[PDB]
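For clarity, chains are labelled A, B, C, D, E, F, G, H and I in written order, and residue numbers in each chain start from 1.
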Amino acid sequence: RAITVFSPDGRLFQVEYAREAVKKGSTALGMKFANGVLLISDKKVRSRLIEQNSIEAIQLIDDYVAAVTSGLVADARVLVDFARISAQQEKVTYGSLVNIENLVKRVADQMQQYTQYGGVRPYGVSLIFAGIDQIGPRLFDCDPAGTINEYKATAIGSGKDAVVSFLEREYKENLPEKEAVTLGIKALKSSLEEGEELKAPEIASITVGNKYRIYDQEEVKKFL
Amino acid sequence: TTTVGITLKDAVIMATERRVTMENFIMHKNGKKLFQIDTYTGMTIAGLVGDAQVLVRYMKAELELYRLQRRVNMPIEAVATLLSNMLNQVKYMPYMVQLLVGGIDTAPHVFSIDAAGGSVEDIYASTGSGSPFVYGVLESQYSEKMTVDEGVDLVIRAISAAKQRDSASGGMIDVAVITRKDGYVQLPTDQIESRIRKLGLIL
Amino acid sequence: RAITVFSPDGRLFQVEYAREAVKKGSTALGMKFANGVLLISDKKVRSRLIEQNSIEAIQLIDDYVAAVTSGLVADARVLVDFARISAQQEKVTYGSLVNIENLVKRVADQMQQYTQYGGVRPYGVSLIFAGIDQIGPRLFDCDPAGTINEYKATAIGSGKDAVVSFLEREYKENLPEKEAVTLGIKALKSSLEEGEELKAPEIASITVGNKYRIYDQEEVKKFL
Amino acid sequence: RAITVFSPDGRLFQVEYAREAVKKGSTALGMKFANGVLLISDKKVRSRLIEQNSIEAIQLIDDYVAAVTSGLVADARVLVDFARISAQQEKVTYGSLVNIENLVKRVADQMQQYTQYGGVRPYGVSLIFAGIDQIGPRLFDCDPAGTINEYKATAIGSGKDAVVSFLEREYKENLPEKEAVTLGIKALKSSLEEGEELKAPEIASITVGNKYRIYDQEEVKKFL
Amino acid sequence: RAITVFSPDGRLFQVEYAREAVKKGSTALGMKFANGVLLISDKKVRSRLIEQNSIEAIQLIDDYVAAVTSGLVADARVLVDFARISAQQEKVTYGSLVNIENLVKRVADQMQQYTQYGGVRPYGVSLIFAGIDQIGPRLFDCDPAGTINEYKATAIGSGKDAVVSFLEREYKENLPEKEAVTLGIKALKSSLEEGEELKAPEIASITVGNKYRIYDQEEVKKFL
Amino acid sequence: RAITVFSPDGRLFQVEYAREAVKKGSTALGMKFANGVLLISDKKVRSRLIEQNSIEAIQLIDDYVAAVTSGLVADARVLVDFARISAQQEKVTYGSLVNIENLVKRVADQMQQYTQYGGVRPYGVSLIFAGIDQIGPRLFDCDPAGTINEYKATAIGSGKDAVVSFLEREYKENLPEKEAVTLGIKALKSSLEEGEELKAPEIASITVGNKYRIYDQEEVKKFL
Amino acid sequence: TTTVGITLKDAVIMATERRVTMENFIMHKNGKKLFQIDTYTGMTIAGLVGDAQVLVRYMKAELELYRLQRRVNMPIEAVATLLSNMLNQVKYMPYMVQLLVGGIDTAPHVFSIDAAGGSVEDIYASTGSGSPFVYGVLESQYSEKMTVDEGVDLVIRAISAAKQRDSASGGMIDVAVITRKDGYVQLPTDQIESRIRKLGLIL
Amino acid sequence: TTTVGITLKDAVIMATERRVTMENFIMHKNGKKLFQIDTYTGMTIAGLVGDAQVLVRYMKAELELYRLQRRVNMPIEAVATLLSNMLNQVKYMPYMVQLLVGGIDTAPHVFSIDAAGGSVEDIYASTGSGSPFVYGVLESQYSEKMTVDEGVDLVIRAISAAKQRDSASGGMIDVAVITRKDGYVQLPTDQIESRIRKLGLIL
Amino acid sequence: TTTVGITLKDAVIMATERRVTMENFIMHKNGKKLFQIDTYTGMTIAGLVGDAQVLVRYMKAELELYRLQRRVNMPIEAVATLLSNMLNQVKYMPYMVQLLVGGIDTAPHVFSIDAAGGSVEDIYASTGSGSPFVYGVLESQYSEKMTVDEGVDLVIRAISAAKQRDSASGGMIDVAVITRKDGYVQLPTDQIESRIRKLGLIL
C-alpha cells in the first residue's frame, strides 16, 4: 500500500500516486501536422522576476528529437538528461538516431525499473517526445509506469482531459503548420482559460528534413 | 584467401574462393567465407577463421535483433560502424581479420574494415592473401556502367586470376549478387561453372 | 501478506494480486492449426488519435518465435525485450534456436526470481509464446509465478475464462489455417461482444517451414 | 511470525506455511523393487487442451538420477534445473555420479539457505529422488526445510497421508517390477479415487545396470 | 508518509518537511543589477562570543561563482563543498567554467538523488547561486527537491515571503550597484525589522569582467 | 522481540526460541570412559519404510572427531558439513588435527555469527563432539548461541534433563567400555521409556590410539 | 598422433591410433583418443593431453545436460559451434589442441576445429602429427560410393600408412563406426586385427 | 597522409588529401579525413584510421551534447583541452594519431594535438606523412594579410606539393573553409578542380 | 628421482628411492616420496618438492573428506580425474611435477599424471629423472602372470638399475604393496635389505 507492491485487486498504488502527481503539473501538448510535428507547452510565467525565456520546458534531446515534460520538475530534468545521454550513446554506437521509438523505449525502461524495485519511488513525471526519424514524424507519450503510446496528437498536465477532449473532437490529420499551431493554441486556450488568461506559450516545430526551430517571443503572439 | 565486392548501378556482387588453411597444408577444399548477414546485406571473411566465424555469429545475431526491434533493416553505414566499434573495443587482445561488408539500402555500398576497425567506403574492394591481383584486374577492366552479368563475369575473371597466381587462394568460387529487387541471391554452382566454361577460364 | 512470503495456508498473496492484475488486461489468445500456430490479440483502438497499426501487442522474439502479452504493458515490454535478447544469446551460443521451450523456460525463471525474492514485486504480466522449432509447432503460456503450460489453444486477459470455455467446447485439433483463424475470431467475438463491438483484431500465423507473417489491416476484415 | 525467524516455542512459521503449500499440490510416490526403483506421478490432465504427454512431472536429472516433484510448479522447475547442473558439476569434477545422496544433499542445502536467511521466502516445493549409484538403488525425500530422509517407498502431495498409510500396511521389500508398479498404482488409486477417477498416471523405472525408461501412454493402461 | 514515497494525492512528505526546515533558517537574498549580481545574507551575530566576520554564509564556489545558503547549516556546508569540487572538475575537464547553469544543475541532481532513494533523507537546505559566465550575469535558486529556477532577484530563509513581496513590488531591472545594494538592504530591513533590529549584514557583488569582492565591515554600514 | 536484539532485561529471544527448538528434537548423549569416549544417539525408527541403518545421526567429522546432533535436522546437516570442511582446513594447514577444542570453537563462532547479526535467524541446532586429540579424550557441547562446555558426560534433545539427572547421580569417571555403554543405555532407557519402548539405539566409541568404530545392528542389542 | 574421420553415405567412421607421448620418449602404448561424446556423435583428440581430456569431460557434460533438458540429441553444427565458442573465449591462455568431432543427426557430418576455434565441415578430415599421410591416401583412394566395410578398410589402411611413416603415431588402432541405425558402435580389437591380417598390413 | 590548417584574418581553412592506406598498397583512392565536428569547427585526421574514426564519433557526440545542454557552441580551447584529456587518460594502450582541430568562436584558431595529448596553438599547422613539405611552402609563401581566396589557393598549392613529393599522400584534395559569417562550408569538387586548373598544378 | 608402479594380478606395487635434491648437491639422503593417499591407494612424487608436498596434503584432505561424506573409498579414476582438474585449473602458474597414483578398488590400477594434467592408465608406469632405466628393465622382464614376491623383486631390481646408472636417484629404496586383502602395507626396511642381499644387488 505504501511501496511498489501489488494491491488487494491489481493496482500499483505508488505508480497511481505518481500519476496524480503529474496531474498536478503544468499542461502541455503536441501534435503532428502534414510533414512534421509541433510541441506547445503552456508557459505561465507567474512572477515578473522569473527570467521568462530562459526557463524552458520544451528541451532538446538531439537535433532530431525534442521533449516537453510535466510533473515534478526535478525528476523531469534528471530524466531528460538521461534521454540526452542515451541518444548520444546511440549516435556513438550506430552512427545515427535511426528510431526515436528506441529512444522513448529506453527511457521508459528506466522508469519501469523504479516502478519495479523497492527502496526507490517511481519517477513522478510524464513526458511527450516528438521528432522525425527514418520512419517519419513520431509523437510519443510516457507515463509514470513507463507506459508508452504513440499519438497523432496528445496532451499532458493539469489540462490533460479538457485538451484531449478538444483534440478528440477537432483534430484533422494532414494539416499545414500554421493551422496546426492555431489548432494547438485553441486547444491550450479552451482548457487554460479557466484562470481567464492564457499567456504567450512556448512552441517548437519540425518539418521533415530540417533541424529544430523553437519560436521566439514575437512569433507566438501572432498566432495567439 | 581472397574476397571481392563490387558496387555497380543498383546492385552489389560479392564473391569468394573456398579454400581454408588453417595450416600451410591446405586442409579444406570447400570452406565458407561468404555469409549472408541480413536479408539485404552480406559479409566476407579474410582473416583468422575462428575469430571471423565468431564475428559472423555476433553480427547475424545483432542485425536480426535489430530488424526485430525496429521492423526495418539496418543501414550499411550503421553495420560498418557497429563492426568497427566491436573490433576497436578490443585491439590489444585483437582480432586478426579483414572484413568486407556489402549491401544495399537505398543505394548500394561495399565497406572495408581492417583489423583496427577503420571503416571506409569504396566502389569496389578486396581483402585477403590474393587481393592485389583482383585489385589489378578491377583497376584495368571495371566500369560503373556495367550490368549484373558483366559484373559477375568481371568478378569470376578476377578470382580466376587470383587462383591462377596465388597459393593461398583456390577451390570452387562462390558468388552472391545482392540487389534491391530480388534481394540477396547466391548463384548456384551450375551457373558458376557455366560462366567459367563460357569465359575460357576452365583448365 | 504484503510481500512474497507465504500465507497462513499455502498462498503467495503478491503473486495472486499479480494474477488479478493480469485479469484486468486486454484479451488475447492463440491456437495451433494443422501445420502451424496463430496468435490473435484483440486490439481495441479506443481513441482515434492512437496510431492504430503502430501499437503492436503481437511482438516478434525471433523470426521463429512470436509472443503476445497481457497485463501491465510496461512489465510486458521489458519482459519481451528480455526474451528477445535471450533468444539472441542462444543464437550466438548454439547456432540456432533449437527449442522454444528453453526460451519460455528462461523467461519464466526470470519471473520466478521476482516471485522468490524480497525487495521486488513479481512481474504482473502474462504471455503466450508461439512458433515452430525442430520439434514442431509449440504454444506456451506464462504466468506471474513463472508457471508454464503447453497448449493446443489458450487465452489470456479479461476474456480468459469465456474464451477458454469456447475453446474447451469447439476446438478441433487438425485444422486448415482459414478455418483456424475463423474459429479464433469466433472465440474472441463471444467474449468481447459484451461491449457489443469487437473491432479489427491483430493476428499472426506461421506454417512450419516458412518465416513469420503478420496480417495487414485489410486481410483480417475478410475473416471478421 | 512473518519471515523465517523462530516462534514463541520452536517453530519456523514460513517453513510450515511452505509445507502446507506442498500439501496443496498434486500427489506422486515412489518405491524400490527387487533390483531398481520406480516413480509414479499422478498426472491429472484436466482440460483436453493440455498437451497431455508433453507436460512431465517425472523429470530426469541425469541418465542415472530421476526426480518427481510436488508443490509450487515454478519453484519445482527452478530447483530441478539446479539439481541437473549440480549433477553435471559432479560429472565434470569427479568423472561420475558416485553418490546420489550427495546430489540430494546439495539441493537440500540450497533449500536450507532460503530457510535460513531473511529477504527470501523458503522454496515451497517437495521432491523425491530415485536412482541407482555405486551403492545401489536409493530413494530420497526432500522437504521445504531441506530435510532429507531415505525410504524404501514414499509419497508426496495431496495424497501424502492416505498413500503413506497404504504403503505402511501393504509394502513388501523385494518385489518384481510388474507387481511393484501394480502395488504403486493401487496406492495411487485408493487415495486419488475420491474424485472417483484416477486417469492414466505417469511412471518411470530403473533396474540396476540399465539406463532410464519412462513408459509410454499404452503400457501404463495395462497396469491400470 | 515517513520516507520519500508518494502521498495519497501527489506529495512527497519528506521533501515538504525539508522545505519547512529551510523556512526555519536565516534569511538571505540576491539580485541582479545593471552589469553584475549581488548576494546579501543577513548575518545576525547573536552572542558577542561568535567571531563575527569569520562565520561566512556567502561562500565562494569559484572566483566566478558564489553561493549563499539557508536551512540546516551542516547540509549547507557539505553541499557547498560538493559544488566547489564540481566546479573544479569542470575546470579540469573543459578548461573554464563556461556555464554556471551546469554547476547549479549538477548540485541539484545531487539533491534530487536523495529526494529519490530510500535509506537517506533529502538535503534540508536551500541555496542561491550568483555569478557571471560567458552568457552573462545569472542568479539561481535551489530547492530541497532539486528544483532550480532562474531569477533577476530572489530570497530564501525565514524572510522568504516578506522579502519576495517587497521585491515583487519594488524591483527595477537595470540598476547601478549602489542603488541595487540599497534596494536589497531595504528588502532585508522590511522583513527582518520585526525583532526591531537588523544588524550589519554581509553582502558580495560582481560586475561582469572583474573577480569577486566581498565587502568589509565598514563599507556595509554606509549603506545601512 | 522478533530478531536477535536485546530484551527489556538481558535475554536474546530468538536464541531462546532456538533452544526450545532443540528441546523438541531427538535425544542423544555421550560420555567418556577409561581410555576413550562414546556417543549414543537414540534412533527411533518410526515407520518400517525408513532405511533404518542408512539414516545416521552420529556422523564423522574426521577419523579422529565424531559428532551427534539434535534439533532441526537440516541446520544439523549443514553445520556438520561445515565442521567437516573446517577439520579438513586444519589438516591442510597444520598437518594434523592437534586440538578438537579448536574444531568446536570455529563451529561455535559460526553459530555466534548468526546469533549476532540481523537478517538471519540463529542456527536452531545443538551438537556434542567427541574424540581424542594430542591432549586426550574430549567431549564438548554446542548451544544455539555458540556456547561450548566440556563434559565427562552430557546429553541433548528431548531427554535432556532426565538423562542429565541420571548422569548426575550415577556417573563413574574411570570405567571400562562395556560398563560405560551399559550405563549410557540405562540413561537413555530411563528417559525414553515413557513411550514404553526404547529401540536399538546407535552408538560409537573410540579408545585412544585407534580409529573410529560404529557398532553394527547386532552388537548393540547385546547391551540392550 | 593421428586421427581420421570419414563421412560416407549414411555413416561416419572415426579412428585413432593409441600411443601417448607426453615426452619424446613414448610412454603409454595404449592410450585413449577416441571418445564417444553423445549417443550419436563422437570426438577425437590430437593435441595436448590434459587440456583435451578436460575438453572431453566438459563436452560430455554439456551434451548430456542438453539431451536431458530437451529430450533430443544435439545437432553436429551446434556441438561444433559450442566447441568453437569454448576454445575462442580463451585464446591468450590457449588450448593447444586440434579437435575433430563427427556424428550423424539426419545426415552424417565430420567437423574439424583448430586451436583458435575455426569450425569447418569436410567430407573427410584428419588431425595430428601423422595427418598428411592419411590425407594423401584418402586423397588417392576415397570414394563417396563406399559401403561401411570398404570405408573401415580404407581407414585402417590410412592409419597403417601413418604408423609406418611417422614416429609420433603407433600402437593399436581403434575404430568406431557411428551410423543412424545401430547407433555408435566401436569395433572390438578382434575384428580390427582381422582386418589388419586380411588387408596385408600386419608385420 | 597530409592535413593542413590555416588561420587567417577572420577565417580558418582546413584541407586534406583523400588516400587511405591501411597497408603499403594504397587501397582507397577516396577516403574521408576532413570532418565537421560542430557547426563552427572541424577536425582533421592523420593517424591510424580506426582509432581516429572512433575519436571523430566521440567528439561529434560530446560537442552535440554540449551544444544541446548549454545552447551555445563549445570554444576551441575547450575542445582541444577535452581532446587532450581524452588522449592522455589512455597512453599505455595509446591512440597512434595526430589530430588537428580548427574553428572560429570570436577569433579563428587551429590547434594541434599529438598522440600524447599536447594541445598547442599555432597560426598554421599540418600533420601527417607529407607534412614537412606543406610546412616548407607555408613557411615560404604564407602571409597573415591574405583573403580567403589567396588562402585556399595557398592551401591547394601546398597539398599539391605534398602530393607531388610523397608516396603516402595523393588522391583528390578536399577543402573546407570555416568562417563566422557563412559558417562551415566545404568547397565542392568543381571549384577545387577549377583552382587546380587555374593555378597550373594539374597534370 | 625415480618412481615405479606396477599393476599385477590383484595387487599394485609402488616404490621409490629416497634422495632429495633441491640443489645439485644431494642434500637429504633419506626423503619421503611414497605417500599413502587413502586406505587403499597411494601416490608417488617425481617433481618439485614443495609443490608436490602441497599436492599430497590436499589429496589426503580431499580423499579423507570424501570417505567421511560417502562412507566408501574413492575410485582410482575419480582421484586421477580430480588430480588432473587440480593441475589443469592452474597451468600458467604451473606445478612442475609428475604424479603417479596407484591403488585398487575392484581391480588394480596405476595412473600417470603429467604437469599438464593428462591422466592416463597403464599396467606399469614410472616417473622421474631415472625413469627410462626402469622402463627398460620393466619392458624386458615384466610379465602379468607374476605373484607379489616376483613383482617386488622386479621392482627392487628396477630401482637398483636406476640407482646404478643415474646421479639424481639413490638412497635407500622404499616399497609399498597395496592389495585388496591386506590393504596398504609398506614393507619394512629389513625385508627390503633382505631382498637386496638375496637378489645380488648389494655393493
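Assume contacts are C-beta pairs under 8 Å (C-beta built on N, C-alpha and C of every residue); 3 or more make two chains touch, one makes a residue touch a chain.
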item: Least hop count linking chain D to chain G through chains in contact; value: 1
item: Pair exhibiting more inter-chain C-beta contacts, C-D or E-H; value: C-D
item: Distance-to-centre winner among chains (Cα means, whole assembly as reference); value: C
item: Selected from E-H, A-H or A-B, interface repeating D-G by over half of its contact pairs; value: A-H
item: Geometric centre distance via CA averages, chain H-chain B, whole Å; value: 33
item: Where chain B and chain F are represented by their mean Cα positions, the distance between them in whole Å; value: 74
item: Whole-Å gap separating chain B and chain C, where each centre is the average of the chain's CA atoms; value: 41
item: Multi-chain contact residues (two or more partners), chain C; value: 81, 92, 95, 118-119
item: Contacts with two or more other chains, residues of chain H listed in rising order; value: 57, 69
item: Touching pairs - complete list by chain label; value: A-B, A-C, A-E, A-H, B-C, B-G, B-H, C-D, C-G, D-F, D-G, D-I, E-H, F-I, G-I
item: Touching residues (chain side chain B, partner chain H) in the complex; value: 81, 84-85, 87-88, 91-92, 112, 114, 116-122, 125, 132, 135
item: Parts of chain B lying in touch with chain G, wherever the complex brings them together; value: 20, 22, 25, 27-32, 48-54, 57, 93
item: Touch list for chain E against partner chain A, complex; value: 1, 4-12, 105, 108-109, 111-112, 115-119, 143, 145-154, 167-168, 171
item: Residues of chain D that touch chain I when the two form their complex; value: 92-96, 98-99, 101-102, 134-135
item: Partner chain E, residues of chain H touching it in the complex; value: 69-70, 72, 74-75, 77-78, 81-82, 85
